[PDB]
file entry_0.txt (compact mmCIF, N, CA and C atoms)
# COMPACT_ATOMS: atom_id res chain seq x y z
N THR A 307 66.67 85.06 83.36
CA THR A 307 67.72 84.81 82.29
C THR A 307 68.53 86.09 81.90
N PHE A 308 67.91 87.25 81.98
CA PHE A 308 68.64 88.50 81.75
C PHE A 308 69.78 88.79 82.75
N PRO A 309 69.58 88.50 84.05
CA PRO A 309 70.62 88.81 85.06
C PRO A 309 71.98 88.22 84.72
N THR A 310 72.01 87.03 84.13
CA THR A 310 73.26 86.40 83.73
C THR A 310 74.11 87.28 82.81
N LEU A 311 73.52 88.25 82.15
CA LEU A 311 74.25 89.06 81.17
C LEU A 311 75.03 90.24 81.81
N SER A 312 74.83 90.48 83.09
CA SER A 312 75.52 91.58 83.78
C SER A 312 76.29 91.13 85.00
N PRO A 313 77.52 91.65 85.16
CA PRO A 313 78.15 91.51 86.49
C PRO A 313 77.33 92.17 87.64
N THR A 314 77.66 91.78 88.87
CA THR A 314 77.07 92.34 90.07
C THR A 314 78.06 93.21 90.87
N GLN A 315 77.62 94.41 91.21
CA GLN A 315 78.47 95.31 92.00
C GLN A 315 78.39 94.87 93.45
N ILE A 316 79.55 94.69 94.07
CA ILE A 316 79.52 94.13 95.44
C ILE A 316 79.58 95.26 96.51
N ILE A 317 80.58 96.13 96.37
CA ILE A 317 80.71 97.39 97.08
C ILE A 317 81.32 98.24 95.98
N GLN A 318 81.51 99.51 96.25
CA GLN A 318 81.98 100.43 95.24
C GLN A 318 83.33 100.02 94.68
N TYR A 319 83.46 100.12 93.35
CA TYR A 319 84.67 99.66 92.60
C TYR A 319 84.84 98.14 92.41
N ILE A 320 84.01 97.32 93.05
CA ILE A 320 84.17 95.87 93.05
C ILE A 320 82.96 95.20 92.39
N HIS A 321 83.26 94.45 91.32
CA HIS A 321 82.21 93.78 90.55
C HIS A 321 82.55 92.31 90.41
N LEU A 322 81.52 91.50 90.56
CA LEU A 322 81.61 90.06 90.50
C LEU A 322 80.89 89.53 89.21
N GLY A 323 81.61 88.76 88.40
CA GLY A 323 81.03 88.24 87.16
C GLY A 323 81.57 86.90 86.62
N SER A 324 81.17 86.58 85.39
CA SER A 324 81.55 85.34 84.71
C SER A 324 82.26 85.70 83.40
N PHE A 325 82.97 84.73 82.82
CA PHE A 325 83.43 84.86 81.43
C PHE A 325 82.37 85.44 80.49
N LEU A 326 81.15 84.91 80.59
CA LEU A 326 80.02 85.44 79.87
C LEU A 326 79.80 86.96 80.03
N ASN A 327 79.39 87.42 81.21
CA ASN A 327 79.09 88.84 81.34
C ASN A 327 80.32 89.75 81.35
N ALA A 328 81.53 89.19 81.40
CA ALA A 328 82.70 90.04 81.16
C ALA A 328 82.63 90.71 79.78
N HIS A 329 81.68 90.27 78.96
CA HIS A 329 81.63 90.73 77.57
C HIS A 329 80.66 91.88 77.47
N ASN A 330 79.99 92.16 78.58
CA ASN A 330 79.11 93.30 78.66
C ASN A 330 79.93 94.61 78.70
N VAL A 331 80.41 95.03 77.52
CA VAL A 331 81.34 96.14 77.38
C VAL A 331 80.78 97.49 77.78
N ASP A 332 79.47 97.66 77.62
CA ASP A 332 78.86 98.88 78.06
C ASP A 332 78.79 98.95 79.60
N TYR A 333 78.47 97.83 80.24
CA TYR A 333 78.52 97.75 81.69
C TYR A 333 79.91 98.14 82.21
N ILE A 334 80.94 97.60 81.58
CA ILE A 334 82.30 97.90 81.91
C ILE A 334 82.55 99.40 81.74
N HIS A 335 82.19 99.95 80.58
CA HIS A 335 82.39 101.37 80.27
C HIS A 335 81.67 102.28 81.26
N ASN A 336 80.41 101.98 81.52
CA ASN A 336 79.62 102.84 82.40
C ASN A 336 79.98 102.77 83.91
N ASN A 337 80.66 101.72 84.33
CA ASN A 337 81.06 101.56 85.73
C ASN A 337 82.54 101.82 85.90
N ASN A 338 83.15 102.39 84.86
CA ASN A 338 84.56 102.77 84.87
C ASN A 338 85.52 101.68 85.27
N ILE A 339 85.29 100.47 84.78
CA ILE A 339 86.13 99.35 85.10
C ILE A 339 87.37 99.34 84.21
N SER A 340 88.54 99.23 84.82
CA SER A 340 89.78 99.29 84.06
C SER A 340 90.66 98.16 84.46
N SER A 341 90.16 97.29 85.33
CA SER A 341 90.94 96.14 85.72
C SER A 341 90.07 94.92 85.71
N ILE A 342 90.69 93.80 85.37
CA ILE A 342 90.02 92.53 85.39
C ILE A 342 90.89 91.49 86.08
N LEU A 343 90.27 90.82 87.05
CA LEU A 343 90.94 89.76 87.78
C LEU A 343 90.33 88.45 87.32
N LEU A 344 91.15 87.66 86.66
CA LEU A 344 90.72 86.40 86.12
C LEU A 344 91.06 85.33 87.10
N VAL A 345 90.05 84.65 87.63
CA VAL A 345 90.30 83.62 88.61
C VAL A 345 90.19 82.24 87.98
N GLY A 346 91.33 81.66 87.62
CA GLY A 346 91.32 80.33 87.01
C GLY A 346 91.91 80.27 85.63
N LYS A 354 90.48 91.15 77.63
CA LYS A 354 90.98 91.81 76.42
C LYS A 354 92.23 92.65 76.73
N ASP A 355 93.32 92.41 75.99
CA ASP A 355 94.55 93.19 76.19
C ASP A 355 94.36 94.73 76.01
N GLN A 356 93.24 95.27 76.51
CA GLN A 356 92.98 96.72 76.56
C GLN A 356 92.85 97.20 78.04
N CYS A 357 92.73 96.23 78.96
CA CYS A 357 92.54 96.48 80.40
C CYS A 357 93.77 96.11 81.23
N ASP A 358 93.83 96.57 82.48
CA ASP A 358 94.75 95.97 83.47
C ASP A 358 94.28 94.56 83.80
N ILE A 359 95.15 93.57 83.67
CA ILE A 359 94.72 92.20 83.88
C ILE A 359 95.65 91.42 84.78
N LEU A 360 95.08 90.64 85.69
CA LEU A 360 95.85 89.71 86.47
C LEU A 360 95.11 88.37 86.47
N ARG A 361 95.84 87.31 86.18
CA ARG A 361 95.28 85.96 86.20
C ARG A 361 95.79 85.22 87.42
N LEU A 362 94.88 84.63 88.19
CA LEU A 362 95.26 83.74 89.27
C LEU A 362 95.15 82.31 88.79
N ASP A 363 96.17 81.55 89.08
CA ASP A 363 96.26 80.25 88.49
C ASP A 363 95.65 79.17 89.35
N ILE A 364 94.34 79.23 89.54
CA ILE A 364 93.73 78.27 90.40
C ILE A 364 93.04 77.20 89.54
N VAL A 365 93.58 75.99 89.58
CA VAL A 365 93.01 74.88 88.82
C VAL A 365 92.24 73.83 89.59
N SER A 366 92.37 73.78 90.92
CA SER A 366 91.55 72.81 91.68
C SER A 366 91.15 73.30 93.07
N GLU A 367 90.18 72.62 93.68
CA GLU A 367 89.67 72.99 95.00
C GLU A 367 90.51 72.36 96.13
N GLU A 368 91.40 71.44 95.80
CA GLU A 368 92.26 70.77 96.77
C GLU A 368 93.53 71.60 97.04
N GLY A 369 94.18 71.28 98.17
CA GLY A 369 95.40 72.00 98.54
C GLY A 369 95.15 73.47 98.84
N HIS A 370 96.06 74.33 98.37
CA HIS A 370 96.12 75.73 98.82
C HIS A 370 96.42 76.74 97.74
N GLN A 371 95.96 76.49 96.52
CA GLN A 371 96.23 77.43 95.43
C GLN A 371 95.42 78.67 95.59
N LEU A 372 94.21 78.53 96.09
CA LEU A 372 93.42 79.71 96.29
C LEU A 372 94.00 80.58 97.45
N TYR A 373 94.20 79.96 98.61
CA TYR A 373 94.85 80.58 99.74
C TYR A 373 96.12 81.35 99.28
N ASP A 374 97.01 80.66 98.55
CA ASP A 374 98.29 81.20 98.14
C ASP A 374 98.12 82.44 97.28
N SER A 375 97.01 82.50 96.55
CA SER A 375 96.83 83.59 95.60
C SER A 375 96.18 84.81 96.30
N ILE A 376 95.81 84.66 97.56
CA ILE A 376 95.04 85.73 98.19
C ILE A 376 95.72 87.11 98.25
N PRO A 377 97.01 87.12 98.64
CA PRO A 377 97.67 88.43 98.80
C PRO A 377 97.86 89.14 97.46
N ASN A 378 98.26 88.40 96.41
CA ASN A 378 98.25 89.00 95.05
C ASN A 378 96.91 89.55 94.61
N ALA A 379 95.83 88.85 94.89
CA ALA A 379 94.48 89.37 94.52
C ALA A 379 94.13 90.64 95.28
N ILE A 380 94.36 90.61 96.59
CA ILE A 380 93.97 91.79 97.41
C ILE A 380 94.71 93.06 96.92
N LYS A 381 95.98 92.85 96.59
CA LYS A 381 96.84 93.91 96.09
C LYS A 381 96.34 94.55 94.78
N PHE A 382 96.03 93.69 93.80
CA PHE A 382 95.53 94.13 92.49
C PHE A 382 94.22 94.82 92.74
N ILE A 383 93.40 94.25 93.62
CA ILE A 383 92.13 94.94 93.94
C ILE A 383 92.33 96.33 94.60
N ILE A 384 93.21 96.41 95.59
CA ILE A 384 93.37 97.69 96.27
C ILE A 384 94.03 98.69 95.33
N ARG A 385 94.96 98.24 94.49
CA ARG A 385 95.50 99.11 93.43
C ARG A 385 94.41 99.77 92.60
N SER A 386 93.26 99.12 92.45
CA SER A 386 92.22 99.66 91.59
C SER A 386 91.34 100.63 92.37
N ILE A 387 91.08 100.29 93.63
CA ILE A 387 90.36 101.20 94.52
C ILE A 387 91.14 102.55 94.65
N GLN A 388 92.45 102.43 94.78
CA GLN A 388 93.35 103.56 94.82
C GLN A 388 93.23 104.52 93.61
N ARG A 389 93.06 103.97 92.40
CA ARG A 389 92.88 104.76 91.19
C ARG A 389 91.48 105.29 91.13
N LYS A 390 90.64 104.88 92.07
CA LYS A 390 89.22 105.20 92.00
C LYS A 390 88.59 104.67 90.69
N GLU A 391 88.99 103.45 90.34
CA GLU A 391 88.43 102.73 89.18
C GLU A 391 87.91 101.33 89.52
N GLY A 392 86.96 100.86 88.71
CA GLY A 392 86.38 99.52 88.92
C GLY A 392 87.33 98.37 88.63
N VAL A 393 87.20 97.33 89.43
CA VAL A 393 87.84 96.04 89.09
C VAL A 393 86.72 94.99 88.96
N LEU A 394 86.82 94.19 87.90
CA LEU A 394 85.83 93.14 87.65
C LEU A 394 86.46 91.80 87.92
N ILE A 395 85.84 91.01 88.80
CA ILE A 395 86.47 89.75 89.22
C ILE A 395 85.67 88.59 88.63
N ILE A 396 86.32 87.73 87.85
CA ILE A 396 85.55 86.73 87.09
C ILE A 396 86.17 85.34 87.16
N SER A 397 85.30 84.33 87.18
CA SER A 397 85.70 82.94 86.94
C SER A 397 84.82 82.42 85.78
N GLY A 398 85.09 81.20 85.27
CA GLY A 398 84.37 80.64 84.10
C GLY A 398 82.85 80.73 84.21
N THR A 399 82.29 80.14 85.26
CA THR A 399 80.86 80.27 85.51
C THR A 399 80.46 81.42 86.43
N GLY A 400 81.43 82.00 87.18
CA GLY A 400 81.16 83.19 88.00
C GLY A 400 80.52 82.81 89.34
N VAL A 401 80.51 81.53 89.64
CA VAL A 401 79.68 81.05 90.73
C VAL A 401 80.50 80.53 91.96
N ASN A 402 81.73 80.11 91.71
CA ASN A 402 82.51 79.33 92.65
C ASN A 402 83.81 80.09 92.99
N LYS A 403 84.80 80.06 92.09
CA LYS A 403 86.10 80.70 92.31
C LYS A 403 86.08 82.25 92.48
N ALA A 404 85.41 82.98 91.59
CA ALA A 404 85.37 84.44 91.71
C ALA A 404 84.72 84.90 93.06
N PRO A 405 83.60 84.26 93.45
CA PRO A 405 83.02 84.68 94.74
C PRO A 405 83.92 84.39 95.96
N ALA A 406 84.65 83.26 95.94
CA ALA A 406 85.60 82.93 97.00
C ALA A 406 86.67 84.04 97.16
N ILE A 407 87.21 84.53 96.04
CA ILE A 407 88.15 85.64 96.07
C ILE A 407 87.53 86.90 96.66
N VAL A 408 86.30 87.22 96.26
CA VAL A 408 85.62 88.41 96.76
C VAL A 408 85.40 88.32 98.28
N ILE A 409 85.04 87.13 98.75
CA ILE A 409 84.95 86.88 100.16
C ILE A 409 86.30 87.15 100.91
N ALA A 410 87.41 86.54 100.46
CA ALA A 410 88.72 86.77 101.03
C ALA A 410 89.02 88.28 101.14
N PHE A 411 88.75 89.00 100.04
CA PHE A 411 88.94 90.43 100.02
C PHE A 411 88.17 91.20 101.11
N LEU A 412 86.88 90.94 101.26
CA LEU A 412 86.06 91.62 102.26
C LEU A 412 86.41 91.19 103.69
N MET A 413 86.76 89.92 103.89
CA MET A 413 87.29 89.50 105.16
C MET A 413 88.38 90.53 105.59
N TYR A 414 89.31 90.84 104.69
CA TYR A 414 90.46 91.68 104.99
C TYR A 414 90.05 93.16 105.06
N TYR A 415 89.32 93.59 104.03
CA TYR A 415 89.01 94.99 103.81
C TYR A 415 87.93 95.56 104.73
N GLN A 416 87.08 94.71 105.29
CA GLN A 416 86.02 95.20 106.15
C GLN A 416 86.03 94.43 107.43
N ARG A 417 87.11 93.71 107.72
CA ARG A 417 87.23 92.85 108.91
C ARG A 417 85.95 92.06 109.17
N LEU A 418 85.66 91.15 108.25
CA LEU A 418 84.54 90.27 108.46
C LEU A 418 85.07 88.89 108.73
N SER A 419 84.36 88.16 109.56
CA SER A 419 84.63 86.75 109.65
C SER A 419 84.31 86.10 108.27
N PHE A 420 84.78 84.87 108.09
CA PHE A 420 84.42 84.13 106.92
C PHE A 420 82.89 84.12 106.68
N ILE A 421 82.12 83.71 107.69
CA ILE A 421 80.66 83.49 107.57
C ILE A 421 79.93 84.78 107.26
N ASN A 422 80.35 85.86 107.89
CA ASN A 422 79.71 87.14 107.68
C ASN A 422 80.03 87.74 106.30
N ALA A 423 81.26 87.51 105.83
CA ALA A 423 81.69 87.93 104.47
C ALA A 423 80.94 87.03 103.43
N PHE A 424 80.83 85.74 103.74
CA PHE A 424 80.02 84.85 102.93
C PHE A 424 78.55 85.32 102.78
N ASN A 425 77.91 85.62 103.90
CA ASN A 425 76.51 86.02 103.89
C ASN A 425 76.23 87.32 103.16
N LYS A 426 77.10 88.30 103.38
CA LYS A 426 77.06 89.52 102.66
C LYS A 426 77.13 89.31 101.12
N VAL A 427 78.09 88.52 100.64
CA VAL A 427 78.16 88.25 99.21
C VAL A 427 76.91 87.48 98.74
N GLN A 428 76.58 86.42 99.47
CA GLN A 428 75.40 85.66 99.15
C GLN A 428 74.16 86.53 98.98
N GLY A 429 73.96 87.49 99.87
CA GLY A 429 72.74 88.27 99.82
C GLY A 429 72.77 89.24 98.66
N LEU A 430 73.95 89.53 98.14
CA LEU A 430 74.03 90.33 96.94
C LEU A 430 73.99 89.49 95.64
N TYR A 431 74.23 88.19 95.76
CA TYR A 431 74.60 87.35 94.63
C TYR A 431 74.13 85.92 94.87
N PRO A 432 72.82 85.66 94.71
CA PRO A 432 72.16 84.41 95.18
C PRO A 432 72.66 83.13 94.48
N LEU A 433 73.31 83.26 93.34
CA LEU A 433 73.86 82.10 92.63
C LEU A 433 75.16 81.53 93.21
N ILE A 434 75.72 82.18 94.22
CA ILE A 434 76.91 81.68 94.90
C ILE A 434 76.90 80.16 95.18
N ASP A 435 77.96 79.47 94.75
CA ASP A 435 78.01 78.04 95.01
C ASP A 435 79.44 77.56 95.05
N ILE A 436 80.05 77.72 96.21
CA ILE A 436 81.50 77.57 96.30
C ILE A 436 81.78 76.17 96.73
N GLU A 437 82.66 75.46 96.02
CA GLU A 437 83.09 74.13 96.46
C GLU A 437 83.71 74.09 97.87
N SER A 438 83.44 73.04 98.62
CA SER A 438 83.91 72.96 100.01
C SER A 438 85.45 73.04 100.23
N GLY A 439 86.27 72.52 99.31
CA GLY A 439 87.70 72.77 99.40
C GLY A 439 88.09 74.26 99.37
N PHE A 440 87.35 75.07 98.61
CA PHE A 440 87.58 76.48 98.65
C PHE A 440 87.15 77.15 99.95
N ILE A 441 86.00 76.72 100.51
CA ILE A 441 85.49 77.22 101.79
C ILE A 441 86.56 76.97 102.88
N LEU A 442 87.11 75.76 102.86
CA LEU A 442 88.15 75.35 103.76
C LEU A 442 89.39 76.26 103.66
N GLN A 443 89.85 76.54 102.44
CA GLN A 443 90.94 77.51 102.23
C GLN A 443 90.62 78.92 102.71
N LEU A 444 89.34 79.30 102.64
CA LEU A 444 88.94 80.61 103.15
C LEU A 444 89.04 80.63 104.68
N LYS A 445 88.72 79.49 105.29
CA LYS A 445 88.85 79.35 106.73
C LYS A 445 90.31 79.39 107.17
N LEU A 446 91.20 78.86 106.33
CA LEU A 446 92.62 78.94 106.58
C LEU A 446 93.06 80.38 106.54
N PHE A 447 92.56 81.12 105.57
CA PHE A 447 92.85 82.53 105.53
C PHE A 447 92.34 83.27 106.78
N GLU A 448 91.13 82.94 107.24
CA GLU A 448 90.55 83.52 108.44
C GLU A 448 91.56 83.38 109.61
N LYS A 449 92.07 82.17 109.82
CA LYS A 449 93.04 81.90 110.87
C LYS A 449 94.32 82.71 110.68
N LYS A 450 94.79 82.80 109.43
CA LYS A 450 96.04 83.53 109.13
C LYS A 450 95.92 85.00 109.51
N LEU A 451 94.76 85.58 109.21
CA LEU A 451 94.49 86.95 109.49
C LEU A 451 94.44 87.16 111.02
N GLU A 452 93.83 86.24 111.73
CA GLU A 452 93.78 86.34 113.18
C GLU A 452 95.20 86.49 113.81
N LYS A 453 96.13 85.68 113.35
CA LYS A 453 97.46 85.69 113.86
C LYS A 453 98.23 86.96 113.44
N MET A 454 98.14 87.34 112.17
CA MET A 454 98.80 88.54 111.72
C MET A 454 98.27 89.75 112.45
N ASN A 455 97.03 89.67 112.91
CA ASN A 455 96.37 90.86 113.43
C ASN A 455 96.26 90.96 114.96
N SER A 456 96.88 90.04 115.68
CA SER A 456 96.87 90.01 117.15
C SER A 456 97.62 91.18 117.78
N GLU A 457 97.06 91.79 118.83
CA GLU A 457 97.74 92.93 119.52
C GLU A 457 99.21 92.59 119.76

call {"tool": "encode", "arguments": {"input": "entry_0.txt", "output": "structure tokens"}}
result
Amino acid sequence: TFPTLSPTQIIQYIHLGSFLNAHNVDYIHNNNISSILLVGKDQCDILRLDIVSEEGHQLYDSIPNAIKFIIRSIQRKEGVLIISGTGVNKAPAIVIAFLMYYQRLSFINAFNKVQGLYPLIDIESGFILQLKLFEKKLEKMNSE
């Protein structure tokens, strides 16, 4: 029951959390987090992604804006905290998309890496499907 009160560090500068543990202000302070990515307090850098359902392509469409806000934070050498309401579905899908790009992982390998750091992962299948669409998009953009 205590783990729910803290975000999880995924790789350096990248933290995965919920509306709940976003309130862990000391965690934020001690990990130098200055950005928050809301998937779904006016003292931080904030970006909201407007994802309201698992159908269609709202998650896919929001991928390049998310990666950008995230890399902007890595560039400052500061933490970004990525959160959805329960922290279990939408926020982890975004973190997966990011690592696919940033560490050239396939969908499944980026999934497994996050899963092994964050056992509560439970992403709706429409989101998994959109992540696979992103996988294909990256393949084409990245061909010799």

call {"tool": "select_by_dssp", "arguments": {"input": "entry_0.txt", "residues": "chain A", "states": "strand (DSSP E)", "output": "ChimeraX atom specification"}}
result
/A:314-317,320-324,339-345,358-362,392-397

call {"tool": "select_by_dssp", "arguments": {"input": "entry_0.txt", "residues": "chain A", "states": "helix (DSSP H, G or I)", "output": "PyMOL selection string"}}
result
chain A and resi 309-311+327-329+331-336+371-388+403-415+420-430+438-454

call {"tool": "axis_aligned_box", "arguments": {"input": "entry_0.txt", "around": "stretch 340-343 of chain A", "padding_each_side": "8 Å", "output": "AutoDock Vina command-line options"}}
result
--center_x 89.7 --center_y 93.9 --center_z 85.9 --size_x 18.4 --size_y 26.8 --size_z 19.7

call {"tool": "closest_atom_pairs", "arguments": {"input": "entry_0.txt", "of": "stretch 378-426 of chain A", "to": "stretch 343-371 of chain A", "cutoff": "8 Å", "atoms": "only N, CA and C atoms", "output": "CSV"}}
result
residue,atom,partner,partner_atom,distance
A:379,N,A:362,CA,7.6
A:382,CA,A:360,CA,7.5
A:383,N,A:343,CA,7.8
A:393,C,A:343,N,5.8
A:394,C,A:343,N,4.0
A:395,CA,A:343,C,4.5
A:396,C,A:345,N,4.0
A:397,CA,A:345,C,4.7
A:398,N,A:345,C,5.9
A:403,C,A:345,CA,5.9
A:404,N,A:345,CA,5.8

call {"tool": "atom_distance", "arguments": {"input": "entry_0.txt", "atom1": "atom N of residue A:310", "atom2": "atom CA of residue A:422"}}
result
24.8 Å

call {"tool": "closest_residue", "arguments": {"input": "entry_0.txt", "among": "A:374, A:446, A:384, A:392", "to": "residue A:320", "atoms": "all atoms listed in the file"}}
result
A:392

call {"tool": "closest_residue", "arguments": {"input": "entry_0.txt", "among": "A:427, A:373, A:408, A:317", "to": "residue A:442", "atoms": "all atoms listed in the file"}}
result
A:373

call {"tool": "atom_distance", "arguments": {"input": "entry_0.txt", "atom1": "atom CA of residue A:399", "atom2": "atom CA of residue A:322"}}
result
11.0 Å

call {"tool": "residues_around", "arguments": {"input": "entry_0.txt", "residues": "residue A:407", "least_positions_apart": "5", "cutoff": "8 Å", "atoms": "only N, CA and C atoms", "output": "VMD selection string"}}
result
chain A and resid 372 376 379 to 380 402 412 to 413

call {"tool": "residues_around", "arguments": {"input": "entry_0.txt", "residues": "residue A:433", "least_positions_apart": "3", "cutoff": "8 Å", "atoms": "all atoms listed in the file", "output": "PyMOL selection string"}}
result
chain A and resi 400-402+427-430+436

call {"tool": "atom_distance", "arguments": {"input": "entry_0.txt", "atom1": "atom N of residue A:336", "atom2": "atom C of residue A:389"}}
result
15.0 Å

call {"tool": "residues_near_point", "arguments": {"input": "entry_0.txt", "point": "(74.9, 87.0, 82.1)", "cutoff": "8 Å", "atoms": "all atoms listed in the file", "output": "PyMOL selection string"}}
result
chain A and resi 307-313+324-328

call {"tool": "closest_residue", "arguments": {"input": "entry_0.txt", "among": "A:444, A:425, A:329, A:385", "to": "residue A:410", "atoms": "all atoms listed in the file"}}
result
A:444

call {"tool": "decode", "arguments": {"input": "entry_0.txt", "residues": "stretch 355-398 of chain A", "atoms": "C-alpha atoms", "output": "compact mmCIF listing (two decimals), in the first residue's frame"}}
result
# COMPACT_ATOMS: atom_id res chain seq x y z
CA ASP A 355 0.80 26.14 -11.95
CA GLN A 356 4.37 26.17 -10.43
CA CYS A 357 5.80 23.56 -12.91
CA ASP A 358 6.26 23.21 -16.68
CA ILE A 359 3.05 21.49 -17.74
CA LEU A 360 1.69 19.86 -20.86
CA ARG A 361 -1.69 18.15 -21.06
CA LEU A 362 -2.42 15.52 -23.69
CA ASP A 363 -6.03 15.34 -24.53
CA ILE A 364 -6.63 11.65 -24.60
CA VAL A 365 -10.21 10.72 -23.70
CA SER A 366 -10.66 7.22 -25.18
CA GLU A 367 -8.84 4.04 -26.24
CA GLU A 368 -10.51 4.04 -29.70
CA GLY A 369 -9.17 5.77 -32.81
CA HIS A 370 -5.82 7.58 -32.72
CA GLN A 371 -5.70 10.26 -30.04
CA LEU A 372 -2.86 8.62 -28.28
CA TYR A 373 -0.89 8.02 -31.52
CA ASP A 374 -1.53 11.66 -32.56
CA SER A 375 -0.20 12.99 -29.28
CA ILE A 376 3.07 11.04 -29.47
CA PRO A 377 5.33 13.64 -31.11
CA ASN A 378 4.21 16.43 -28.72
CA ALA A 379 4.92 14.15 -25.73
CA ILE A 380 8.35 13.06 -26.94
CA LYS A 381 9.27 16.71 -27.49
CA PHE A 382 8.19 17.91 -24.00
CA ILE A 383 10.05 14.94 -22.58
CA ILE A 384 13.28 15.57 -24.50
CA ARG A 385 13.05 19.28 -23.61
CA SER A 386 13.31 18.18 -19.99
CA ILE A 387 16.18 15.75 -20.50
CA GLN A 388 17.95 18.66 -22.23
CA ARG A 389 17.62 20.86 -19.09
CA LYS A 390 18.92 17.93 -17.11
CA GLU A 391 15.67 18.00 -15.09
CA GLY A 392 13.00 15.42 -14.19
CA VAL A 393 9.72 15.03 -16.02
CA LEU A 394 6.83 13.28 -14.25
CA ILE A 395 4.34 11.53 -16.50
CA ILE A 396 0.89 10.90 -15.00
CA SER A 397 -2.60 9.63 -15.78
CA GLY A 398 -5.62 9.39 -13.34
